[PDB]
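# Topology and contacts: notes
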Amino acid sequence: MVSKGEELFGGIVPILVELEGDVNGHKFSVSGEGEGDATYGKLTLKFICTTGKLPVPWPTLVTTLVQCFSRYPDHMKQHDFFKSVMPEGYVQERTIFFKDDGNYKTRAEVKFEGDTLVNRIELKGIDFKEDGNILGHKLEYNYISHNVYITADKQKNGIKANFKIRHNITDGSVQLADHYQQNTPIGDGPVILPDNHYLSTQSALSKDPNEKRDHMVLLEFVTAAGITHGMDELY
Ligand code: NA
Ligand code: NA
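Residues numbered from 1 in each chain as written, not as in the entry; some residues may be left out. Chains lettered and ligands numbered in written order. Heavy atoms only, no water.

Inspection of every chain in the model, using the stated rule, returns eight salt bridges. Residues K46 and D208 are paired through a salt bridge, measuring 2.7 Å at the closest nitrogen-oxygen approach. For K46, a relative accessible area of 24% translates into the label partly exposed. One salt bridge in this structure joins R213 and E211, with 2.8 Å as the shortest N-O distance. The class of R213 is partly exposed, set by a relative accessible area of 48%. Among the charged side chains, a network of salt bridges with common partners joins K46, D208, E211 and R213. (Salt bridge = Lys/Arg side-chain N within 4 Å of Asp/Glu carboxyl O. Buried < 20%, exposed > 50% of the residue type's maximum accessible area, 1.4 Å probe, protein only.)

See the structure below:
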């Protein structure tokens, strides 16, 4: 039994991302394009700030800017909420608390438009410090690697997640961005309430040497883990 949701992700799927943001009254828009290959947990994306200069560091937007591309091991596929709701999609909401600084609140809708997987986001940030690490651009442009811990959320027919991103500061210190996440279905198909598990996620950030707009190139890999269902007994 291969679900409709799963069969949607068996090959290379084009991705579009559109974000509108306002952090401390600094308004900005970001567009992204690329592709996802869930068979490999692999994402290739390029984002551009279409309004001019981004008023916050690119690294702080990575997690906001499509966990339906995670590779779920075969023995865990029954726990993949993200693909289970496709093509109608899910709402993804977060609060991201920057320690000793402000917070982002984000709301996104992730769904197919024809054969393209789209992430449409609104981001609002408040309470940031004028010359803190975020509005002062004091974060290095680094590899990001952490686990996303997922739990079921029965009363919204969805999931919650939590994780901590540790952004290095330009003085060698660390800016914590503590993430709280909820996802709930847009449609009303079968409800997948996963057992606890995590997504091991690695994002590599680079620049396109021929691109003069403010932008970010991402190569990302995302793999579900943390559940065995007796697989160990096989060996
Ligand atoms: Na981690
Ligand atoms: Na990577």
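Here we come to the layout of surface pockets. Computed from the structure, the largest pocket encloses a volume of approximately 330 Å³. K83, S84, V85, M86 and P190 are the residues nearest the centre of the largest pocket, which is lined by 18 residues in total. Among the elements of the structure, α1 (4-8) and α2 (81-84) are those that each provide at least two residues to the lining of the largest pocket. If one sorts the elements of the lining of the largest pocket by residue count, α1 sits on top with three residues. Here the residues of the lining of the largest pocket are counted per class, giving five nonpolar, six polar and seven charged. By volume, the second largest pocket is sized at about 200 Å³. Looking at the second largest pocket, it is lined by 13 residues, and the ones nearest its centre are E6, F9, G10, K77 and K83. (1 Å grid on protein atoms, 1.4 Å probe; cavity = no way out; pocket = protein on both sides within 12 Å on 5 of 7 lines; lining within 4 Å. Points joined across faces, edges and corners; volume = space filled by probe spheres on them. Helix = DSSP H or I, 4+ residues; strand = E, 2+ residues; numbered from the N terminus. Nonpolar A, V, L, I, M, F, W, Y, C, P; charged D, E, K, R; others polar.)

Moving on, we get to the sheet that holds strand β5 (residues 103-113). Around the barrel, eleven strands lie side by side as β1-β2-β3-β11-β10-β7-β8-β9-β4-β5-β6; this closed barrel has mixed pairing. Geometrically, the sheet is characterised by an average inter-axis angle of 20° between neighbouring strands, direction not taken into account. Of the strand pairs in this sheet, strand β8 (residues 158-168) and strand β9 (residues 174-185) are connected by ten bridges, and their pairing is antiparallel. From the neighbouring strand, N168 faces β9, where its bridge partner is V174. (Pairing = 2+ DSSP bridges. Axes fitted to C-alpha atoms, helices over the stretch in contact; angles between N-to-C directions.)

Within the fold, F112 resides in strand β5. The buried category is assigned to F112, whose relative accessible area is 11%. The sequence separation of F112 and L234 amounts to 122 residues, and the corresponding C-alpha distance is 37 Å.

Summed over the entire model, instances satisfying the criterion amount to ten aromatic pairs. A ring pair is formed by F97 and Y180, whose centres lie 5.8 Å apart and whose planes are at 75°; its orientation type is edge-to-face. Of the two residues, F97 is situated in strand β4 (residues 90-98) and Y180 in strand β9; the sequence distance between them amounts to 83 residues. Overall, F97 belongs to the partly exposed group, its relative accessible area being 42%. Lying across the ring of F9, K83 places its NZ or CZ 5.5 Å from the centre. (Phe/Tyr/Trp six-rings, centres within 6.5 Å; stacked < 30°, edge-to-face > 60°. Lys NZ or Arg CZ within 6 Å of the ring centre and 35° of its normal.)

This paragraph deals with the nonpolar core. Ranked by internal contacts, the top residues of the largest apolar core, which has 56 residues, are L65, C68, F69 and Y104. It is strand β1 (residues 13-23) that provides the largest number of residues to this core, a total of five residues. (Core = buried A, V, L, I, M, F, W, Y, C linked by side-chain atoms within 4.5 Å.)

The subject of this paragraph is the side chain of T106. In this structure, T106 sits in strand β5. Residue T106 is classed as buried on the basis of its relative accessible area, which comes to 8%. Excluding its chain neighbours within four sequence positions, the residues that come into contact with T106 are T64, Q92, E93, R94, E122 and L123. (Contact = heavy atoms within 4.5 Å.)

Turning our eyes to something else, we now look at unusual backbone geometry. Trans peptide bonds make up the majority, and among non-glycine residues the majority have a negative phi. Residue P87 is bonded to the preceding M86 through a cis peptide linkage, with omega at 15°. Looking at where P87 falls in the secondary structure, it is placed in the loop between α2 and β4. Here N157, not a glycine, exhibits a phi torsion of approximately 55°, which is positive. Structurally, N157 can be placed in the loop between β7 (144-153) and β8. The exposure class of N157 is partly exposed, given its relative accessible area of 36%.

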